[PDB]
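Student:
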Amino acid sequence: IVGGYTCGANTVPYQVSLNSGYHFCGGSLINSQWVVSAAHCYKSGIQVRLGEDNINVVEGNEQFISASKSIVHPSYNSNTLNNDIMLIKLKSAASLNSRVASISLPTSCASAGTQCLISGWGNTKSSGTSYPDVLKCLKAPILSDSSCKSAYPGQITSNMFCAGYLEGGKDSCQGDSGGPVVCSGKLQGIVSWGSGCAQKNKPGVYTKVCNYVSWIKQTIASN
Ligand SMILES: Nc1ccc(CNC(=O)[C@@H]2CCCN2C(=O)[C@H](N)Cc2ccccc2)cn1
Ligand SMILES: [Ca+2]
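What follows is the structure, given as C-alpha cells:
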C-alpha cells in the first residue's frame, strides 16, 4: 500500500496473508472455511495466515491453516487478467473471534464515489521497494467507469473497476494482490493490477466481486 496508514492490529479481521514460506499475497475470509483471493496469486502449497498484524512476529492472535484446495475461476485469463479471482478452502475451519472474522459478499455493485478500505502488506513505495511488517490501510473511492477506461483504454472489462486517485500518490502495490477492497461493509474488490503504483492517471484496478457472487456461492456449495 502506497500513501496509506498503519491500520492497527486486527482492525481488518477478514484480511489474511497467503504464505508459502513467506508472504506473497493477500486474501479475504468470507466464511469460516473459505478465502477469496486473486487468480494470479495461485500456487500450490498455500498456508493461510489469519489474525495477523506483524507478519514477521508471532503476537498471539494468529491462526495458521493449510489450504486443502484452490479453485481458480474457470474463465481466468492471465493475458488480460479478466476474472482474476480464486477460492481457497481451509483444511480446518477458522475459529472466528473479534480478530478473525468474515466479510460479507455484495448483493449489488457499488457507485462511483463510494469510499472503500484497501489493505495489505505490499510495497509502500511508488519508486523503489520497502515492505512493511504490519498491515497498511488506504481509504479510496471507486472511480467512474469512464475515468477507469480512459486511464486504461482497451484493458478494462465489465469484471474490473478502478479505485483510488487520478492525481496518484495513494494506491495498492506489489504484495497487496488478492487482498480486499471493502465498501459499506461489503467485499466489492480484490487487488488485481495497475500500471506501477500510485502513478498519475493510473489508479489501481480491482476484480469486480459483485459479478462473481453466484459463482462463489455455487462453487463453495459443491466443494
Ligand atoms: N495496483 C497495482 C497492483 C499490483 C501491482 C503489482 N503487480 C503488477 O504490476 C502486475 C499486475 C498484477 C500481477 N503483476 C505482476 O507483475 C506479477 N508479478 C506477474 C503477473 C503479471 C501479469 C499477470 C499475471 C501475473 C501494481 N499495481
Ligand atoms: Ca504475526
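My numbering puts the last residue of the sequence shown at 308; the count rises by one with no breaks.
Just so it is clear, CB atoms sit at the ideal spot from N, CA and C, and this is done for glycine as well.
Starting from the C-beta of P191, find all residues in its chain whose C-beta is less than 7 Å away, skip the five residues before and the five after it, and write them out in chain order.
Tutor: The residues are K271, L272, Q273, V294, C295, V298.
Student: Should the segment 164-172 be regarded as contacting the segment 91-108, the criterion being three or more beta carbon pairs within less than 8 Å?
Tutor: In short, these stretches do not touch, since the Cβ pair count stays below three.
Student: Only counting runs of 4 or more residues, tell me where the alpha helix (DSSP H) segments fall wholly within the segment 101-185, in order along the chain.
Tutor: The qualifying runs do not exist here; there are none.
Student: How many angstroms separate the CA atom of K176 from the CA atom of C126?
Tutor: Each residue's alpha carbon lies about 19 Å from the other.
Student: Thinking C-beta only, is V219 closer than 9 Å to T304?
Tutor: Not a contact, by the Cβ cut-off of 9 Å.
Student: Give me the Cα-Cα distance between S117 and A306, rounded to the nearest whole angstrom.
Tutor: C-alpha separation (whole angstroms): 13 Å.
Student: Report yes if the C-beta of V143 is less than 8 Å from at least one heavy atom of ligand 2; otherwise report no.
Tutor: Within the cutoff, so yes.
Student: Going by CA-CA distance only, name the one from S151, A195, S122 that's closest to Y161.
Tutor: Nearest option by C-alpha distance: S122.
Student: Quick check: what's the CA-CA separation for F149 versus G260?
Tutor: Whole-angstrom Cα-Cα distance: 19 Å.
Student: Rounded to whole angstroms, what's the CA-CA distance from residue 316 to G88? Just pull it up for me.
Tutor: The first residue shown for the chain is 86 and the last is 308, placing residue 316 beyond what the model contains.
Student: Kindly examine ligand 2 and report whether one of its heavy atoms sits closer than 8 Å to the Cβ of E137.
Tutor: Within the cutoff, so yes.
Student: Quick one: does the C-beta of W278 sit closer than 8 Å to a heavy atom of ligand 1?
Tutor: Under cutoff, so the answer is yes.
Student: Between which residues of its own chain and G136 is the CB-CB distance below 6 Å, once the five residues before and five after are set aside?
Tutor: Correct list, in chain order: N146, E147, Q148, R184, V185.
Student: Distance check for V276 and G111, CA to CA, integer angstroms please.
Tutor: Taking the straight line from one Cα to the other gives about 8 Å.
Student: DSSP three-state label for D218, please.
Tutor: In this structure, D218 counts as coil in the three-state DSSP scheme.
Student: Specify, as a first and last residue, the run of the alpha helix (DSSP H) that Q303 falls within.
Tutor: From DSSP, the alpha helix (DSSP H) with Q303 extends over 298-306.
Student: What would DSSP say about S193, mapped onto helix, strand or coil?
Tutor: Looking at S193 - three-state DSSP - the assignment turns out to be coil, as it is neither helix nor strand.
Student: Quick check on DSSP: helix, strand or coil for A248?
Tutor: In this structure, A248 counts as strand in the three-state DSSP scheme.
Student: Starting from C268, follow the beta strand (DSSP E) in both directions and report where the run begins and ends.
Tutor: Start and end: 265-268.
Student: At a cut-off of 8 Å, would you count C258 as near ligand 1, judging by its Cβ distance to the nearest heavy atom?
Tutor: Checking every heavy atom of ligand 1 against the Cβ of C258, one is found closer than 8 Å.
Student: When DSSP builds the beta bridges, which residues end up paired with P226?
Tutor: According to DSSP, which records beta bridges pairwise, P226 is partnered with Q200.
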